[PDB]
Amino acid sequence: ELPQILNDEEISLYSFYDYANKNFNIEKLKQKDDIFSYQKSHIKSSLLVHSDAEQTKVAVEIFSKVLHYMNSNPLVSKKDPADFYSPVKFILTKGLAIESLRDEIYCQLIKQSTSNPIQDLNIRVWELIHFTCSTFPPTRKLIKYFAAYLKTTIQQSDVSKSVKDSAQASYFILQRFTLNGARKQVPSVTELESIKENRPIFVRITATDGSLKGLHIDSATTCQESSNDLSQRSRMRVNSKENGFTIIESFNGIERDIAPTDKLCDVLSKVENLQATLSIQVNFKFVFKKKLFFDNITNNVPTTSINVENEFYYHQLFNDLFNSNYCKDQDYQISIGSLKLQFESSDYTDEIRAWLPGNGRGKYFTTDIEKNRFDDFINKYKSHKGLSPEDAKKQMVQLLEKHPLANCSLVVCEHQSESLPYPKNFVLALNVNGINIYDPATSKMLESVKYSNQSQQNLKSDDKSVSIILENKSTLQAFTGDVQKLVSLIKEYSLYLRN
Ligand SMILES: [Cl-]
Ligand SMILES: [Cl-]
């Protein structure tokens with residue numbers, strides 16, 4: 001299991017009493033109530049000392065937000081989750097972005113959960129503790145004291161089940177983030193709801209065959225963990241680094257790479273952010289797709305697993321070859337789509353023909369083909385006997401496997417150079433053989449760019465492009481919408497080949 005943040009034997013060495021006497025802003029905090037334990041009134045200054053006057057002011061506001069959450073009606077959480085969590089969002093946004101306020105926040109939560117007379121309030125503070133642990137840790141100056149506080153809470157008698165469950169889940173999520181590294185976003189409402197109730201976040205991942213897979217994750221769950229989990233659950237090879245699958249984000253059809261160490265919950269936050277930014281129009285999916293094409297089979301692995309992987313991939317490739325950015329050959333699209341129809345629907349009927357327009361779009365033909373070559377399609381379809389599902393499927397897979405773009409990681413690009421020979425719009429098709437420049441207009445490979453020519457620790461890229469070095473030492477500045485995908489593909493193929 002995960003390494004302890006603090007051993008049981010060190011619990012007695014790290015007492016918050018000592019931390020608080022040495023670090024609290026005692027003079028400026030002078031008040032009626034005890035400064036070191038629960039109080040119902042606002043604090044008159046920050047708990048810790050901030051040289052930045054603005055951070056002192058914000059620390060005081062944070063405390064008001066803590067009080068507000070502690071005192072809020074359980075009914076708001078159901079009727080208006082956005083309102084219910086607003087004070088939480090304020091706290092976590094400040095702490096995540098401003099490292100020098102993190103210990104302040106934790107000290108306020110320790111304080112408000114110390115000698116807290118009312119059980120329901122103690123429960124609210126421990127929910128806050130758990131939200132905070134799920135977002136950022138205390139700094140190295142406080143973390144051992146806070147960890148001692150957690151373990152003491154977990155190990156001693158007292159606290160309701162709710163406080164103890166929150167404390168245990170808080171300690172564990174701190175361990176998970178120590179393992180998986182920092183996150184980048186404040187929890188969405190959906191995540192906070194799960195954290196509050198001490199349960200996993202449930203996410204739905206779409207597979208290439210359109211099927212819906214469920215995963216139970218936590219705040220620290222990475223793309224790599226979830227990609228491995230989905231692989232194992234689909235009975236593929238269990239290591240996504242071997243099978244080459246990852247989970248990507250899809251917003252209204254536009255796909256973006258998710259890095260292996262990136263947190264899926266951070267993607268959920270972005271979704272919520274966009275929903276607000278657009279004020280519905282948000283068609284978001286996670287998608288489980290094949291990213292990397294390694295020649296690493298056997299490794300004497302069950303062919304059964306390799307087979308599940310390959311079926312997911314055929315759906316992906318078929319769909320990509322229906323994408324005009326990758327393929328413009330109507331004859332070809334007709335040939336694969338007509339076989340797919342024979343497989344799924346069997347022999348032609350006038351009832352099928354009457355069903356196609358609109359329905360078959362993206363499934364058996366492209367809109368372009370529904371408009372300019374329907375009859376040509378209906379004709380190729382009629383042509384297939386008699387074809388058994390087995391034969392129909394085998395022929396389709398053959399046509400797919402022999403396409404130039406089969407078994408390549410695909411990236412849509414453009415360039416603006418006046419001294420390079422390629423067309424403005426091209427595809428980079430990356431595989432173990434190199435970085436291939438492909439022209440989707442003619443279905444031809446134009447050049448095979450070498451991984452061995454790229455800078456190993458200084459690959460040049462920006463927000464919109466990656467600069468790839470050609471054999472003659474000139475640079476192709478490939479513009480692409482998903483720069484991270486292109487950069488990571490170059491790095492991952494290079495590393496694989498190195499080993
Ligand atoms: Cl001081
Ligand atoms: Cl400061």
# chains A, B, ... in the order shown; residues from 1 in each chain; ligands from 1
>>> residues_near_ligand(ligand="ligand 1", cutoff="12 Å", atoms="only C-alpha atoms and all ligand atoms", output="PyMOL selection string")
chain A and resi 19-29+46-51
>>> write_last_selection(atoms="C-alpha atoms", output="PDB file, in the first residue's frame")
ATOM      1  CA  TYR A  19       3.305  24.800  15.533  1.00  0.00           C
ATOM      2  CA  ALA A  20       0.543  27.222  16.498  1.00  0.00           C
ATOM      3  CA  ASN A  21       2.450  28.915  19.340  1.00  0.00           C
ATOM      4  CA  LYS A  22       5.444  29.466  17.066  1.00  0.00           C
ATOM      5  CA  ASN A  23       3.559  30.559  13.944  1.00  0.00           C
ATOM      6  CA  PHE A  24       0.200  32.114  14.841  1.00  0.00           C
ATOM      7  CA  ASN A  25      -0.357  35.854  14.408  1.00  0.00           C
ATOM      8  CA  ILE A  26      -1.087  36.103  18.124  1.00  0.00           C
ATOM      9  CA  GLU A  27      -0.765  39.832  18.826  1.00  0.00           C
ATOM     10  CA  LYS A  28      -3.052  40.870  15.951  1.00  0.00           C
ATOM     11  CA  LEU A  29      -5.553  38.113  16.765  1.00  0.00           C
ATOM     12  CA  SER A  46      -5.158  36.090   9.549  1.00  0.00           C
ATOM     13  CA  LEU A  47      -4.135  33.085  11.686  1.00  0.00           C
ATOM     14  CA  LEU A  48      -0.618  33.086  10.269  1.00  0.00           C
ATOM     15  CA  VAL A  49       1.650  36.011   9.444  1.00  0.00           C
ATOM     16  CA  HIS A  50       1.551  37.277   5.865  1.00  0.00           C
ATOM     17  CA  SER A  51       3.853  40.116   4.760  1.00  0.00           C
TER      18      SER A  51
END
>>> closest_atom_pairs(of="chain A", to="ligand 2", cutoff="10 Å", atoms="only C-alpha atoms and all ligand atoms", output="JSON lines")
{"residue": "A:48", "atom": "CA", "partner": "ligand 2", "partner_atom_place_in_ligand_line": "1 (Cl)", "distance": 8.9}
{"residue": "A:49", "atom": "CA", "partner": "ligand 2", "partner_atom_place_in_ligand_line": "1 (Cl)", "distance": 6.9}
{"residue": "A:50", "atom": "CA", "partner": "ligand 2", "partner_atom_place_in_ligand_line": "1 (Cl)", "distance": 3.7}
{"residue": "A:51", "atom": "CA", "partner": "ligand 2", "partner_atom_place_in_ligand_line": "1 (Cl)", "distance": 4.6}
{"residue": "A:52", "atom": "CA", "partner": "ligand 2", "partner_atom_place_in_ligand_line": "1 (Cl)", "distance": 4.8}
{"residue": "A:53", "atom": "CA", "partner": "ligand 2", "partner_atom_place_in_ligand_line": "1 (Cl)", "distance": 7.9}
{"residue": "A:54", "atom": "CA", "partner": "ligand 2", "partner_atom_place_in_ligand_line": "1 (Cl)", "distance": 8.7}
{"residue": "A:55", "atom": "CA", "partner": "ligand 2", "partner_atom_place_in_ligand_line": "1 (Cl)", "distance": 6.3}
{"residue": "A:56", "atom": "CA", "partner": "ligand 2", "partner_atom_place_in_ligand_line": "1 (Cl)", "distance": 7.7}
{"residue": "A:98", "atom": "CA", "partner": "ligand 2", "partner_atom_place_in_ligand_line": "1 (Cl)", "distance": 9.4}
{"residue": "A:99", "atom": "CA", "partner": "ligand 2", "partner_atom_place_in_ligand_line": "1 (Cl)", "distance": 9.2}
{"residue": "A:100", "atom": "CA", "partner": "ligand 2", "partner_atom_place_in_ligand_line": "1 (Cl)", "distance": 5.7}
{"residue": "A:101", "atom": "CA", "partner": "ligand 2", "partner_atom_place_in_ligand_line": "1 (Cl)", "distance": 7.4}
{"residue": "A:104", "atom": "CA", "partner": "ligand 2", "partner_atom_place_in_ligand_line": "1 (Cl)", "distance": 10.0}
>>> write_last_selection(atoms="N, CA, C and O atoms", output="short mmCIF file (atom, residue, chain, number, x, y, z; two decimals), in the first residue's frame")
data_model
loop_
_atom_site.label_atom_id
_atom_site.label_comp_id
_atom_site.auth_asym_id
_atom_site.auth_seq_id
_atom_site.Cartn_x
_atom_site.Cartn_y
_atom_site.Cartn_z
N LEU A 48 -2.06 33.07 10.42
CA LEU A 48 -0.62 33.09 10.27
C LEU A 48 -0.16 34.48 9.83
O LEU A 48 -0.98 35.35 9.56
N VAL A 49 1.14 34.69 9.78
CA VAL A 49 1.65 36.01 9.44
C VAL A 49 1.94 36.10 7.95
O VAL A 49 2.75 35.33 7.43
N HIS A 50 1.28 37.03 7.28
CA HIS A 50 1.55 37.28 5.87
C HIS A 50 2.12 38.69 5.68
O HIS A 50 1.53 39.66 6.14
N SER A 51 3.27 38.80 5.03
CA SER A 51 3.85 40.12 4.76
C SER A 51 3.06 40.84 3.68
O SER A 51 3.10 42.07 3.56
N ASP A 52 2.32 40.07 2.88
CA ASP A 52 1.48 40.63 1.83
C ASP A 52 0.14 41.01 2.44
O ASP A 52 -0.63 40.15 2.87
N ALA A 53 -0.13 42.31 2.50
CA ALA A 53 -1.36 42.82 3.11
C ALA A 53 -2.62 42.26 2.45
O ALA A 53 -3.64 42.06 3.12
N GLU A 54 -2.56 42.01 1.15
CA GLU A 54 -3.70 41.45 0.43
C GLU A 54 -4.00 40.02 0.87
O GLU A 54 -5.15 39.62 0.93
N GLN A 55 -2.95 39.24 1.16
CA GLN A 55 -3.15 37.86 1.59
C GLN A 55 -3.69 37.81 3.01
O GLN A 55 -4.43 36.89 3.37
N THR A 56 -3.33 38.81 3.81
CA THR A 56 -3.89 38.91 5.15
C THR A 56 -5.39 39.14 5.04
O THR A 56 -6.18 38.49 5.74
N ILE A 98 -2.38 30.18 -4.76
CA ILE A 98 -1.49 30.97 -3.91
C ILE A 98 -0.91 30.08 -2.82
O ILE A 98 -1.53 29.84 -1.79
N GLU A 99 0.30 29.57 -3.06
CA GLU A 99 0.85 28.54 -2.19
C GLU A 99 1.01 29.06 -0.77
O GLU A 99 0.96 28.30 0.20
N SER A 100 1.21 30.37 -0.65
CA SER A 100 1.48 30.95 0.65
C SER A 100 0.21 31.15 1.49
O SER A 100 0.29 31.68 2.60
N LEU A 101 -0.94 30.75 0.96
CA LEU A 101 -2.17 30.76 1.74
C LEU A 101 -2.60 29.35 2.17
O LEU A 101 -3.57 29.18 2.87
N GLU A 104 -2.30 28.64 5.99
CA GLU A 104 -3.38 29.43 6.58
C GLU A 104 -4.71 28.68 6.57
O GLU A 104 -5.35 28.53 7.62
#
>>> closest_atom_pairs(of="stretch 241-334 of chain A", to="stretch 358-369 of chain A", cutoff="10 Å", atoms="only C-alpha atoms", output="JSON lines")
{"residue": "A:318", "atom": "CA", "partner": "A:363", "partner_atom": "CA", "distance": 9.3}
{"residue": "A:319", "atom": "CA", "partner": "A:362", "partner_atom": "CA", "distance": 7.7}
{"residue": "A:322", "atom": "CA", "partner": "A:366", "partner_atom": "CA", "distance": 6.5}
{"residue": "A:323", "atom": "CA", "partner": "A:366", "partner_atom": "CA", "distance": 8.5}
{"residue": "A:324", "atom": "CA", "partner": "A:366", "partner_atom": "CA", "distance": 9.2}
{"residue": "A:328", "atom": "CA", "partner": "A:368", "partner_atom": "CA", "distance": 9.8}
{"residue": "A:330", "atom": "CA", "partner": "A:369", "partner_atom": "CA", "distance": 7.0}
{"residue": "A:331", "atom": "CA", "partner": "A:369", "partner_atom": "CA", "distance": 9.5}
{"residue": "A:333", "atom": "CA", "partner": "A:365", "partner_atom": "CA", "distance": 6.8}
{"residue": "A:334", "atom": "CA", "partner": "A:365", "partner_atom": "CA", "distance": 6.6}
>>> write_last_selection(atoms="N, CA and C atoms", output="mmCIF file, in the first residue's frame")
data_model
loop_
_atom_site.group_PDB
_atom_site.id
_atom_site.type_symbol
_atom_site.label_atom_id
_atom_site.label_comp_id
_atom_site.auth_asym_id
_atom_site.auth_seq_id
_atom_site.Cartn_x
_atom_site.Cartn_y
_atom_site.Cartn_z
ATOM 1 N N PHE A 318 -11.793 2.847 -39.069
ATOM 2 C CA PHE A 318 -12.944 3.029 -39.940
ATOM 3 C C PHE A 318 -13.468 4.449 -39.810
ATOM 4 N N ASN A 319 -13.666 4.894 -38.571
ATOM 5 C CA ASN A 319 -14.167 6.242 -38.334
ATOM 6 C C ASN A 319 -13.205 7.326 -38.810
ATOM 7 N N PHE A 322 -13.394 7.858 -42.470
ATOM 8 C CA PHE A 322 -14.620 8.564 -42.840
ATOM 9 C C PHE A 322 -14.480 10.059 -42.540
ATOM 10 N N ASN A 323 -13.304 10.443 -42.054
ATOM 11 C CA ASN A 323 -13.004 11.827 -41.710
ATOM 12 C C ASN A 323 -12.277 12.476 -42.892
ATOM 13 N N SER A 324 -12.849 13.532 -43.471
ATOM 14 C CA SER A 324 -12.246 14.143 -44.665
ATOM 15 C C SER A 324 -10.813 14.657 -44.438
ATOM 16 N N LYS A 328 -10.264 11.297 -48.456
ATOM 17 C CA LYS A 328 -11.228 11.959 -49.327
ATOM 18 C C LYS A 328 -11.684 11.030 -50.461
ATOM 19 N N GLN A 330 -13.856 8.647 -52.076
ATOM 20 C CA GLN A 330 -15.227 8.161 -51.939
ATOM 21 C C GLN A 330 -15.360 6.686 -52.315
ATOM 22 N N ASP A 331 -14.645 6.270 -53.358
ATOM 23 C CA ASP A 331 -14.663 4.868 -53.762
ATOM 24 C C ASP A 331 -14.263 3.987 -52.584
ATOM 25 N N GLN A 333 -14.211 4.724 -49.294
ATOM 26 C CA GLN A 333 -15.182 4.810 -48.215
ATOM 27 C C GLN A 333 -16.396 3.949 -48.545
ATOM 28 N N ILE A 334 -16.786 3.976 -49.811
ATOM 29 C CA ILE A 334 -17.898 3.167 -50.286
ATOM 30 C C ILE A 334 -17.630 1.689 -50.079
#
>>> residues_around(residues="residue A:207", least_positions_apart="5", cutoff="8 Å", atoms="only C-alpha atoms", output="list in words")
residues 212, 213, 287, 288, 289 and 312 of chain A
>>> write_last_selection(atoms="N, CA and C atoms", output="short mmCIF file (atom, residue, chain, number, x, y, z; two decimals), in the first residue's frame")
data_model
loop_
_atom_site.label_atom_id
_atom_site.label_comp_id
_atom_site.auth_asym_id
_atom_site.auth_seq_id
_atom_site.Cartn_x
_atom_site.Cartn_y
_atom_site.Cartn_z
N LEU A 212 -20.54 2.29 -23.67
CA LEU A 212 -20.30 3.13 -22.52
C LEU A 212 -19.71 2.34 -21.35
N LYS A 213 -18.50 2.69 -20.93
CA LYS A 213 -17.84 2.02 -19.81
C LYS A 213 -17.85 2.92 -18.57
N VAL A 287 -13.06 9.55 -24.19
CA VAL A 287 -13.02 8.46 -25.16
C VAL A 287 -11.76 7.63 -24.99
N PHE A 288 -11.93 6.31 -25.02
CA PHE A 288 -10.84 5.34 -24.88
C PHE A 288 -10.39 4.92 -26.29
N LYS A 289 -9.22 5.39 -26.73
CA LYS A 289 -8.77 5.18 -28.11
C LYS A 289 -7.35 4.67 -28.15
N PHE A 312 -11.38 -2.92 -31.16
CA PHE A 312 -11.56 -1.52 -30.80
C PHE A 312 -10.88 -0.66 -31.89
#
>>> closest_residue(among="A:427, A:441, A:435, A:129", to="residue A:453", atoms="only C-alpha atoms")
A:435
>>> closest_residue(among="A:183, A:196, A:140, A:315", to="residue A:126", atoms="only C-alpha atoms")
A:196
>>> atom_distance(atom1="atom CA of residue A:208", atom2="atom CA of residue A:188")
26.6 Å
>>> residues_around(residues="residue A:424", least_positions_apart="4", cutoff="10 Å", atoms="only C-alpha atoms", output="VMD selection string")
chain A and resid 413 to 418 420 439 478
>>> residues_around(residues="residue A:164", least_positions_apart="2", cutoff="10 Å", atoms="only C-alpha atoms", output="list in words")
residues 123, 126, 150, 151, 153, 154, 155, 156, 157, 158, 159, 160, 161, 162, 166, 167, 168, 169 and 170 of chain A
>>> write_last_selection(atoms="N, CA and C atoms", output="PDB file, in the first residue's frame")
ATOM      1  N   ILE A 123     -18.775  17.992  11.585  1.00  0.00           N
ATOM      2  CA  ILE A 123     -18.928  17.255  10.337  1.00  0.00           C
ATOM      3  C   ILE A 123     -18.671  18.140   9.111  1.00  0.00           C
ATOM      4  N   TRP A 126     -14.967  18.880   8.776  1.00  0.00           N
ATOM      5  CA  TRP A 126     -14.228  17.727   8.259  1.00  0.00           C
ATOM      6  C   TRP A 126     -14.475  17.484   6.757  1.00  0.00           C
ATOM      7  N   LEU A 150      -4.551  14.218  11.706  1.00  0.00           N
ATOM      8  CA  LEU A 150      -5.412  13.260  11.011  1.00  0.00           C
ATOM      9  C   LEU A 150      -5.369  11.881  11.681  1.00  0.00           C
ATOM     10  N   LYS A 151      -4.168  11.369  11.893  1.00  0.00           N
ATOM     11  CA  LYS A 151      -4.022  10.011  12.402  1.00  0.00           C
ATOM     12  C   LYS A 151      -4.576   9.910  13.819  1.00  0.00           C
ATOM     13  N   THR A 153      -6.944  11.636  14.954  1.00  0.00           N
ATOM     14  CA  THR A 153      -8.393  11.654  14.797  1.00  0.00           C
ATOM     15  C   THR A 153      -8.919  10.283  14.368  1.00  0.00           C
ATOM     16  N   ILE A 154      -8.194   9.640  13.457  1.00  0.00           N
ATOM     17  CA  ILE A 154      -8.586   8.332  12.946  1.00  0.00           C
ATOM     18  C   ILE A 154      -8.460   7.234  14.015  1.00  0.00           C
ATOM     19  N   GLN A 155      -7.439   7.345  14.851  1.00  0.00           N
ATOM     20  CA  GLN A 155      -7.115   6.265  15.783  1.00  0.00           C
ATOM     21  C   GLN A 155      -7.838   6.332  17.127  1.00  0.00           C
ATOM     22  N   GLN A 156      -8.193   7.533  17.569  1.00  0.00           N
ATOM     23  CA  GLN A 156      -8.801   7.694  18.891  1.00  0.00           C
ATOM     24  C   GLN A 156     -10.303   7.426  18.881  1.00  0.00           C
ATOM     25  N   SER A 157     -10.854   7.159  20.062  1.00  0.00           N
ATOM     26  CA  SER A 157     -12.295   7.003  20.209  1.00  0.00           C
ATOM     27  C   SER A 157     -12.893   8.395  20.176  1.00  0.00           C
ATOM     28  N   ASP A 158     -14.191   8.467  19.902  1.00  0.00           N
ATOM     29  CA  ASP A 158     -14.864   9.731  19.594  1.00  0.00           C
ATOM     30  C   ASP A 158     -14.940  10.007  18.099  1.00  0.00           C
ATOM     31  N   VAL A 159     -15.445  11.190  17.788  1.00  0.00           N
ATOM     32  CA  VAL A 159     -15.939  11.552  16.472  1.00  0.00           C
ATOM     33  C   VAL A 159     -16.945  10.554  15.935  1.00  0.00           C
ATOM     34  N   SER A 160     -18.014  11.101  15.381  1.00  0.00           N
ATOM     35  CA  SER A 160     -18.996  10.321  14.675  1.00  0.00           C
ATOM     36  C   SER A 160     -18.325   9.489  13.591  1.00  0.00           C
ATOM     37  N   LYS A 161     -19.087   8.558  13.035  1.00  0.00           N
ATOM     38  CA  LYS A 161     -18.615   7.782  11.904  1.00  0.00           C
ATOM     39  C   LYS A 161     -18.245   8.738  10.766  1.00  0.00           C
ATOM     40  N   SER A 162     -19.039   9.789  10.600  1.00  0.00           N
ATOM     41  CA  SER A 162     -18.850  10.741   9.502  1.00  0.00           C
ATOM     42  C   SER A 162     -17.510  11.466   9.565  1.00  0.00           C
ATOM     43  N   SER A 166     -14.374  10.818   6.975  1.00  0.00           N
ATOM     44  CA  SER A 166     -13.754  11.987   6.333  1.00  0.00           C
ATOM     45  C   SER A 166     -12.268  12.075   6.631  1.00  0.00           C
ATOM     46  N   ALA A 167     -11.888  11.816   7.880  1.00  0.00           N
ATOM     47  CA  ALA A 167     -10.484  11.884   8.253  1.00  0.00           C
ATOM     48  C   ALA A 167      -9.682  10.791   7.565  1.00  0.00           C
ATOM     49  N   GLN A 168     -10.214   9.573   7.540  1.00  0.00           N
ATOM     50  CA  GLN A 168      -9.520   8.502   6.841  1.00  0.00           C
ATOM     51  C   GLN A 168      -9.392   8.793   5.338  1.00  0.00           C
ATOM     52  N   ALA A 169     -10.458   9.287   4.727  1.00  0.00           N
ATOM     53  CA  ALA A 169     -10.427   9.584   3.284  1.00  0.00           C
ATOM     54  C   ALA A 169      -9.495  10.759   2.972  1.00  0.00           C
ATOM     55  N   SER A 170      -9.378  11.688   3.922  1.00  0.00           N
ATOM     56  CA  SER A 170      -8.476  12.833   3.770  1.00  0.00           C
ATOM     57  C   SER A 170      -7.036  12.376   3.820  1.00  0.00           C
TER      58      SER A 170
END
>>> atom_distance(atom1="atom CA of residue A:115", atom2="atom CA of residue A:87")
22.9 Å
>>> closest_residue(among="A:468, A:247, A:163, A:148", to="residue A:259", atoms="only C-alpha atoms")
A:247
>>> select_by_dssp(residues="stretch 265-333 of chain A", states="helix (DSSP H, G or I)", output="PyMOL selection string")
chain A and resi 265-277+303-321+330-333
>>> select_by_dssp(residues="stretch 36-208 of chain A", states="strand (DSSP E or B)", output="PyMOL selection string")
chain A and resi 48+201-207
>>> write_last_selection(atoms="N, CA and C atoms", output="PDB file, in the first residue's frame")
ATOM      1  N   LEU A  48      -2.058  33.074  10.424  1.00  0.00           N
ATOM      2  CA  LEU A  48      -0.618  33.086  10.269  1.00  0.00           C
ATOM      3  C   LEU A  48      -0.164  34.477   9.832  1.00  0.00           C
ATOM      4  N   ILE A 201     -15.704   9.205  -7.480  1.00  0.00           N
ATOM      5  CA  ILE A 201     -16.379   9.908  -8.552  1.00  0.00           C
ATOM      6  C   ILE A 201     -16.635   8.861  -9.630  1.00  0.00           C
ATOM      7  N   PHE A 202     -17.862   8.805 -10.144  1.00  0.00           N
ATOM      8  CA  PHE A 202     -18.177   7.909 -11.254  1.00  0.00           C
ATOM      9  C   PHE A 202     -18.054   8.654 -12.586  1.00  0.00           C
ATOM     10  N   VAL A 203     -17.217   8.149 -13.489  1.00  0.00           N
ATOM     11  CA  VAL A 203     -17.109   8.743 -14.820  1.00  0.00           C
ATOM     12  C   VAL A 203     -17.463   7.723 -15.882  1.00  0.00           C
ATOM     13  N   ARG A 204     -18.032   8.209 -16.978  1.00  0.00           N
ATOM     14  CA  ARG A 204     -18.386   7.367 -18.098  1.00  0.00           C
ATOM     15  C   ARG A 204     -17.386   7.563 -19.219  1.00  0.00           C
ATOM     16  N   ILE A 205     -16.834   6.466 -19.721  1.00  0.00           N
ATOM     17  CA  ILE A 205     -15.869   6.547 -20.820  1.00  0.00           C
ATOM     18  C   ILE A 205     -16.449   5.864 -22.059  1.00  0.00           C
ATOM     19  N   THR A 206     -16.454   6.568 -23.182  1.00  0.00           N
ATOM     20  CA  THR A 206     -16.952   5.991 -24.422  1.00  0.00           C
ATOM     21  C   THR A 206     -15.858   5.180 -25.122  1.00  0.00           C
ATOM     22  N   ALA A 207     -16.169   3.946 -25.508  1.00  0.00           N
ATOM     23  CA  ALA A 207     -15.228   3.131 -26.271  1.00  0.00           C
ATOM     24  C   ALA A 207     -15.399   3.418 -27.768  1.00  0.00           C
TER      25      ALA A 207
END
>>> residues_around(residues="residue A:40", least_positions_apart="2", cutoff="9 Å", atoms="only C-alpha atoms", output="list in words")
residues 33, 38, 42, 67 and 112 of chain A
>>> write_last_selection(atoms="C-alpha atoms", output="PDB file, in the first residue's frame")
ATOM      1  CA  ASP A  33     -12.665  33.585  22.267  1.00  0.00           C
ATOM      2  CA  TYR A  38     -13.316  26.653  17.479  1.00  0.00           C
ATOM      3  CA  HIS A  42     -14.986  36.135  12.563  1.00  0.00           C
ATOM      4  CA  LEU A  67     -18.043  29.845   8.855  1.00  0.00           C
ATOM      5  CA  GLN A 112     -12.511  25.040  13.724  1.00  0.00           C
TER       6      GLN A 112
END
>>> atom_distance(atom1="atom CA of residue A:388", atom2="atom CA of residue A:290")
28.7 Å
